[PDB]
Amino acid sequence: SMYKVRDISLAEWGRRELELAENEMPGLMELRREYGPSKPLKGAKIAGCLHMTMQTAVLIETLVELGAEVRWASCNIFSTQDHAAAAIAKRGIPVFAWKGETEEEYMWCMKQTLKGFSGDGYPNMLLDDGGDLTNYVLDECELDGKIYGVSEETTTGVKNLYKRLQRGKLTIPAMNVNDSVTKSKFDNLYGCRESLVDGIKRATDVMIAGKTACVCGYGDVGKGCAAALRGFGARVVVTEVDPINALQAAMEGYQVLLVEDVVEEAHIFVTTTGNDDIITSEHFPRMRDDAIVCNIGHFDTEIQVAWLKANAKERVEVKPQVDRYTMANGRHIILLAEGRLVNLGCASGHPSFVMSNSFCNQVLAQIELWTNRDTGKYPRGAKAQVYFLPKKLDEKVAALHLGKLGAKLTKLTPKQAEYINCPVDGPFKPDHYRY
Amino acid sequence: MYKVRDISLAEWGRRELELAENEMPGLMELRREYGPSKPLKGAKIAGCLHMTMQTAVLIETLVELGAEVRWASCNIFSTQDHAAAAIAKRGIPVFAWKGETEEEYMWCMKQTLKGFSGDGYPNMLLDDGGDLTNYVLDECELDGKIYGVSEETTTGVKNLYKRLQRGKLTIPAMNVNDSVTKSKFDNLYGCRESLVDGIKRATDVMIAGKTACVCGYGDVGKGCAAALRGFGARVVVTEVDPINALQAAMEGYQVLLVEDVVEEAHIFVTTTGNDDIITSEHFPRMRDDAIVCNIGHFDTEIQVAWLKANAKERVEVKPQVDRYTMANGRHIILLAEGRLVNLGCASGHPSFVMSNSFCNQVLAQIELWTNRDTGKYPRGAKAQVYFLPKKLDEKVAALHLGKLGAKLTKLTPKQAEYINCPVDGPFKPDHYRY
Amino acid sequence: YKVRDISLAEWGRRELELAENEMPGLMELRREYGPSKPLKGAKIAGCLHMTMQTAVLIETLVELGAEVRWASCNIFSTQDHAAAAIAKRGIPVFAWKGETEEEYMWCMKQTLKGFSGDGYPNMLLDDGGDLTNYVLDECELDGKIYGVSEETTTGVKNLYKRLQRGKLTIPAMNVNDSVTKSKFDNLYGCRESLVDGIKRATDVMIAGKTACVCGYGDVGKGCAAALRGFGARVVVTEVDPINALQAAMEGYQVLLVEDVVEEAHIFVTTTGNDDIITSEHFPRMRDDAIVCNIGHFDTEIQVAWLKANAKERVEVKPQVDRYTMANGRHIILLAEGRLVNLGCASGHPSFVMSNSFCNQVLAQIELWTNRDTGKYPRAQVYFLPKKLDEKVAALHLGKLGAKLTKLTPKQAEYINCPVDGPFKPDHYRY
Amino acid sequence: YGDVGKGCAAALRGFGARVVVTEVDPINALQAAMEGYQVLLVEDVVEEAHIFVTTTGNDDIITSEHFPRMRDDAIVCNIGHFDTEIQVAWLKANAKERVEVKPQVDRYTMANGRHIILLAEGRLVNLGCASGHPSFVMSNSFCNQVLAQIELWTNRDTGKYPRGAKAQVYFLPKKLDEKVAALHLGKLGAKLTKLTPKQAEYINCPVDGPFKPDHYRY
Ligand SMILES: NC(=O)c1ccc[n+]([C@@H]2O[C@H](COP(=O)([O-])OP(=O)(O)OC[C@H]3O[C@@H](n4cnc5c(N)ncnc54)[C@H](O)[C@@H]3O)[C@@H](O)[C@H]2O)c1
Ligand SMILES: NC(=O)c1ccc[n+]([C@@H]2O[C@H](COP(=O)([O-])OP(=O)(O)OC[C@H]3O[C@@H](n4cnc5c(N)ncnc54)[C@H](O)[C@@H]3O)[C@@H](O)[C@H]2O)c1
Ligand SMILES: NC(=O)c1ccc[n+]([C@@H]2O[C@H](COP(=O)([O-])OP(=O)(O)OC[C@H]3O[C@@H](n4cnc5c(N)ncnc54)[C@H](O)[C@@H]3O)[C@@H](O)[C@H]2O)c1
Ligand SMILES: NC(=O)c1ccc[n+]([C@@H]2O[C@H](COP(=O)([O-])OP(=O)(O)OC[C@H]3O[C@@H](n4cnc5c(N)ncnc54)[C@H](O)[C@@H]3O)[C@@H](O)[C@H]2O)c1
């Protein structure tokens, strides 16, 4: 079993869309030109677990152009774009992904990426979005000194890396790609500002203008989500546990309250926290009729979906990933993607341009970890650690995306560079800079 | 013992000081929390920071905490004379007036370095821009007499890192600008309100419909662009950092070079903390009655000397608003002689956001002073720059939520373990950018 | 394995019982580190004179958990009962007294295969640099070596030449330049083992003779001292004015080989350099002049020329060749120019070799334990930390009954070190 | 048993003294043992030793614990830079009689009735009771001093030897160290061998030096 996708006949359609996506990903395409001839990932055997979308297809073929062997699976049961998976599969890249996996199928798909490489069959690098692959490899398979690095995409996965580290259970160097400035401050923020509403609208065609929306969390994701809804004329309320994030939201003109303060009136609920049990059994029974409930954090357990399913009197699939529940009170709740990431589960995830930032960081992480396997710069012992990309490379990634937009950079004079204490070519900011 | 423009302005200052205190919940809460235990007893603070109504609340907070204090402004045009008068009337030594000469500015500063109790020297510095710090460390001897400095602004903190790296930092420095509750609030939201306030009090120009060039897209330029854009200006941004550049572009601003818009822009605002942004290359190309202003810490972002030397006419329209006639016949309106326009032409940032900044200053001074005999903040060659702990940054934010009616959700123990923090915080890892 | 005679295992086991009692330091590392096994995982390729002293080193490494494969780093330095004992114990050894140049080469290549896994070594332990040269220039081990520890001045000289040339890929710990090696082994070791080699070889009287010692480094200092201790009049040659002033200040004439070549009864070369005793010297020497080398390689003496141009050569006994020159006079060459202490005797005594080999154990531990700490990137040359230098010395005081004064806190503060040291600054020369 | 102790021990032994040595450093102590000296604690020999020589550069080496145990007419002296290696203040305060035998020789009578001879009141005995080091060895020392002054003074507006915060301690370059030795070989008739180009290459140095790497201990 070398690939498993919904329908291989979708491959041509995928390949048409891949042309458009490549044009929208100038940074990834430029890394292909800059690094392809020198093949920095020759010998790398990368098992990837990341939403199998058109964007991830451009990433995958970039890794392969740089020399890597790659086997791939999605990190969510509803995020695969079947035509993208098909396009990769038809090219001969092993991909085990389809939209609408069972949890059992999900695990089978992941397992498929950890065997079947050349010469011994074992991966030697992981590329992970959410930590599921990392955990399975480190806890359940064996690969115990065979892995030279992991690059982690998302906030929840990065939190899990730091928990693993602190528990003394990180045995491979980890590159924290989420917290590249060109990742967290663009993907998490601007990607969600576009993709949340796309998810909601494709699922429900609900009017946002005039509605009351409750956005749980005001990190980078909730900042973008709040911005998106407000832009269409929703009245957005925000919940938070961090007083700094809470004060930001208030200074931007959002009411900051508890879920319970708005639960009876809000038309739309969006969870963005990366935490569990945000929308619970205490809330669902108080919601107004046809309240839309969705999640954009990494895991569905932000919402008590199992509770809803067990306690609803009726459930109607309106269309795939749109379920309308009738509660005992007679009113309805619309749950999107069974509480899975709504932008990917109900729409297409973030657009290609912002994913080019994220994936340039992933490519640069993989190069950094692989090309340094034998230098001890990123140890695999019990001393294994989490690392960030150097600021110089973060700046490179941003600069790769300015041209498409027509944005022109001023050049510091030597006198100016001296005065602000940086090189003429950067980095331009101290390491603690928050942008 | 003090020197201010007019002591009869004291009563007016004290009226407005009531309003300001009420807008500064966090500072007033620090007064209540720390006042009885007098954590700054024995502290002798020389302050160099814009002598505004907001700074008056800071100063009296430091005094309520047990500090002796002597104060000067860190800009020749930023003093609010009724604020200075209210402080001076209470017997706090202040040497500050709006419209100082550079010579007077230096005399004011020097007055803060003498005249304390018993021996008469300061033992702590509180600076905004680094001018006091440089003067003390390079030009005085107060050598070994100073236990700390807390620094307010990006330009001053940059200079601290330069000194540190030159091996010329000999006192512990608290980087207050780079507290999250400072840089992401004062620099951003304070400028978002006070930039346009400055421009409007100076000129009454309509913002709507104009083309504005915002030079720099840091915390200050983000706020400034946001402000102009909210009133209907078409904002263009310049930057040297590709990350900042991409943020501006993703927010819907054109990112270009000064040269690309110099002929058409109605308003230029420099926000860089760098020099020679608006130059001799530019002024001769500007449209008639282009407004030129700076909100960065020092006026040398704009070549004002060149402007003055090369203009054919200069008319003071009203104080801090000068209209220059160039050889080409057209006019440039320069605000505050290129000094910080929010403070020079208006009142600076509003009290509420300054309460964040100045809570950080008070907690920084407490931290340095109470720890003087502990070795935690070494003086001498091993002197470093420090940030306030995240727990304190979060405390500052929390102090300001109630005024606004913002309510915080409380994590359950389960949730707290899951996100790898304590129920009471800190809630974010040290590298978090907010 | 490959040794001369495995039935000499019994005799070697008996001497190793005496060697063990003379090496308190190595036996004390065996007790301290054996329980925790800090070289577990370690796959040591070894290239160091296969003596009784190295046998106690090899068994320490294996007690510490390491797998080990060994070859001697000189053709005539092996002690055949030493190799026979290690070979019986199950340790793979390829070493006999009197290897040809072909055979010497084969033995080294044996140590780079036959580990577990596709078991290529992950560590090197070197004396002279030859193994380091072979692995780096000619083997494939490119991704596989975490370090090399280098025992001698000549081998270390190469490591610095490589680092300089941008060709050092594996981290190197300079063991020779530990104080407890260079100022002990090189010095006191040679002070006893040089005359041992000469006398076992020739039975010649030292007292009354004129001896030319060429070079006055740590080895030259020791040899001159030894010869002088027996009533030789020693003259010294040097290219370094500092070393020359030291020899002059100790009572020795410093001159050129040519100034004494016609009258010297004994020539010793200690330089680590080539062509010290050459075709221009040999025909000038007095009858039965004894010529030998105690430097790493034999090419301090032009032995090929000697062999090419002698009228007669006679083997008095193994490693003692008596040449008759064109002039009718004779030259007695020892060990064919090979290290004379190891070639004609047993090398340095155990007690001093315990200082050196402790350094080698703590160097291997340091390199290998930090093999996933990123402290020695796979590339620089390093020193053992002075703390461990002092430890080595401290381990050897007890056997001699030496007692160490303990610093008070006042005293340690006053001389600017911890009560338990390091006691000297990093540049101290002892 | 540093450089001073090494010399002092070699001198005493050279005249037929049995020399015992004290040390706090295991390396220096082992050097002393391997040169044939007993290494023991001052307490181990305080009652039997005829001569006590202080060479540590450390204070409180010979103390109130030692003085009252010393044999009759035990000679006590110091050659390290400061006299406080010996508790002379104590000796003076607790002795029952002091006689100047001659300048820089004080004979003290202890409460036990036995005598202590102290040299130069504990000051550097070589300079205090004699003329210090001979000229020839001081020529080495003082050549480095002249070279040092030239290095620092001539390069004063250079930044090679930074002022203030970043001031640091330096050694003379090894080339100059060699120069000084070379200047003293002639008087002694010491002849130096000249490396050939191949020899210098093989050893990895210049023909004219420096000949050793900077870590070399000679
Ligand atoms: N769907 C996507 O395309 C996508 C993209 C980026 C990130 N993510 C995921 O989205 C989530 C959010 O990421 P982020 O970068 O914004 O994280 P973040 O840490 O910046 O922000 C989350 C916020 O939630 C707050 N919070 C935690 N528990 C809360 C609770 N009980 N109630 C209210 N607020 C609470 C925190 O204080 C924080 O400010 C993560 O799970 C991340 O992996 C998803
Ligand atoms: N007026 C006020 O009330 C007030 C308030 C806060 C800060 N400040 C001051 O304002 C200034 C800016 O502070 P900040 O926090 O935004 O700093 P910042 O470092 O965050 O941003 C300044 C930006 O200018 C950019 N830049 C530098 N040189 C440039 C040039 N030649 N052309 C275009 N862009 C350039 C940098 O890349 C950077 O992003 C500083 O001088 C600071 O001390 C003033
Ligand atoms: N046989 C043994 O058991 C044993 C033990 C230790 C070291 N060694 C070896 O002995 C040799 C010397 O070691 P070391 O520690 O004394 O080295 P070292 O560098 O301290 O001493 C060598 C000396 O020879 C001098 N020299 C170089 N070329 C010369 C020339 N052509 N004429 C006169 N003098 C010259 C140098 O100035 C130097 O002082 C090295 O090859 C080392 O590997 C052998
Ligand atoms: N008198 C002279 O003409 C002259 C000449 C040279 C040096 N000196 C002085 O001699 C002193 C020593 O110089 P050096 O070059 O030998 O120093 P050094 O560091 O080489 O030797 C001092 C030794 O004393 C040891 N030591 C420290 N405390 C000890 C203790 N309480 N008991 C026993 N040993 C102890 C140290 O471990 C060290 O090895 C210094 O004060 C120096 O200034 C004087």
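Worth knowing before you read on, the calculation uses all heavy atoms, side chains too, and leaves out hydrogens, waters and symmetry mates. Both counts, for ligands and for their atoms, begin at 1 and track the order of listing. Throughout, protein chains are lettered first and strands after them, A, B, ... in sequence-line order, and every chain is numbered starting at 1.
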- Geometric cation-pi criterion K222(B) and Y435(A), 6.0 Å radius, 45° cone: no
- Item | Residue part near ligand 4, for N126(D), under 4.0 Å between non-hydrogen atoms | side chain
- Task: Pick, from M355(A), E240(A), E302(A), the option with the minimum heavy-atom distance to atom 34 (N) of ligand 1.
- Result: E240(A)
- Which atoms of ligand 1 sit under 4.0 Å from any heavy atom of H350(A)? 3 (O), 5 (C)
- Message: Considering non-hydrogen atoms of the protein only, which is the closest contact for atom 21 (O) of ligand 4, and what is the distance?
- Response: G2(D) CA, 3.4 Å
- Note on the structure: Note: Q247(B) and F186(A) closest approach over all heavy atoms is CG-CZ, 3.6 Å
- Task: Tell me which protein heavy atom sits closest to atom 28 (N) of ligand 1, plus the residue, atom name and distance to 0.1 Å.
- Result: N275(A) ND2, 3.1 Å
- Query: Hey, is ligand 1 close enough to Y218(A) that some N/O pair sits below 3.5 Å?
  - Reply: no
- Message: Checking the N or O distance criterion of under 3.5 Å, is ligand 1 in contact with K183(A)?
- Response: no
- How many angstroms lie between atom NE2 of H298(A) and atom CZ of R340(A), to the nearest 0.5 angstrom? 11.0 Å
- Taking heavy atoms and a distance under 4.0 Å, where does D187(A) meet ligand 1: side chain, backbone, both or neither? side chain
- Message: Between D179(A) and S184(A), does the side-chain hydrogen bond (donor to acceptor under 3.5 Å, both in side chains) criterion hold? Intermediate values first, please.
- Response: CA-CA 5 Å; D179(A) 292 325; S184(A) 53; 4.9 Å; no
- Residue pair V256(A) / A249(A): nearest heavy atoms and the distance that separates them: CG2-CB, 3.7 Å
- Task: For ligand 1, find out whether one of its N or O atoms is nearer than 3.5 Å to an N or O atom of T156(A).
- Result: yes
- min-distance protein heavy atom vs atom 19 (O) of ligand 4 -> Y428(C) OH, 3.8 Å
- Task: Do me a favour and list the nearest non-hydrogen protein atom to atom 10 (O) of ligand 2 with residue, atom name and distance?
- Result: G296(B) CA, 3.5 Å
- Protein heavy atoms: any of them under 4.0 Å from atom 17 (O) of ligand 4? no
- Classify the contact between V341(B) and ligand 2 as side chain, backbone, both or neither, using a heavy-atom distance cut-off of under 4.0 Å. neither
- Query: Which pair of non-hydrogen atoms, one from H432(A) and one from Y161(B), has the smallest distance, and what is that distance?
  - Reply: CE1-OH, 3.6 Å
- What protein heavy atom sits nearest atom 8 (N) of ligand 2, and how far off is it? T153(B) OG1, 3.5 Å
- Can you tell which part of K223(A) has a heavy atom less than 4.0 Å from ligand 1: side chain, backbone, both or neither? neither
- When you check the side-chain N and O atoms of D276(B) and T413(A), is any donor under 3.5 Å from an acceptor? no
- Single hit among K424(C), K386(C), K406(C) for salt bridge (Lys or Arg N to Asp or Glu O under 4.0 Å) with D25(D): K424(C)
- Task: Please indicate whether any nitrogen or oxygen in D219(B) is less than 3.5 Å from any nitrogen or oxygen in ligand 2.
- Result: yes
- Mind checking whether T272(B) contacts ligand 2 via backbone (N, CA, C, O), side chain (CB onward), both or neither, at a 4.0 Å heavy-atom cut-off? both
- Those atoms of ligand 1 less than 4.0 Å from some heavy atom in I278(A): 30 (C), 31 (N)
- Sub-3.5 Å N/O-N/O distance, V220(B) and ligand 2: yes
- Task: Run the numbers for me: atoms of ligand 1, each under 4.0 Å from some heavy atom of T239(A), listed by number.
- Result: 33 (C), 34 (N)
- Which atoms of ligand 1 are found less than 4.0 Å from any heavy atom of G274(A)? 11 (C), 40 (C), 41 (O)
- Query: At a 4.0 Å threshold, what atoms of ligand 1 neighbour a non-hydrogen atom of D242(A)?
  - Reply: 37 (O)
- Task: Could you tell me whether some N/O pair between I79(D) and ligand 4 is separated by less than 3.5 angstrom?
- Result: yes
- Task: Give the contacting part of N245(A) toward ligand 1: side chain, backbone, both or neither, where contact means a heavy-atom distance below 4.0 Å.
- Result: side chain
- Structural part of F298(B) in contact with ligand 2, heavy atom criterion under 4.0 angstrom: neither
- Near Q416(A) (heavy-atom distance under 4.0 Å), the atoms of ligand 2 are 31 (N)
- Message: Applying ring pair (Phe, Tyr, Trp, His ring centres under 6.0 Å), can you list everything that pairs with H133(D), at least two apart in sequence or on another chain?
- Response: none
- among protein heavy atoms, the one nearest atom 43 (O) of ligand 4 is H81(D) CB, 3.5 Å
- Query: Just checking, any donor-acceptor pair under 3.5 angstrom between side chains of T54(D) and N78(D)?
  - Reply: no
- Taking all non-hydrogen atoms of both residues, which atom of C215(B) and which atom of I278(B) are closest, and how far apart? SG-CD1, 4.5 Å
- Task: Just go through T272(A), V215(A), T155(A), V241(A) and tell me whose heavy atom is the nearest to atom 26 (N) of ligand 1.
- Result: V241(A)
- Message: If the contact criterion is a heavy-atom separation under 4.0 Å, does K428(B) count as touching ligand 1?
- Response: yes
- Message: Looking only at side-chain N and O atoms, does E43(D) offer a donor or acceptor that is under 3.5 Å from a partner on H66(D)?
- Response: yes
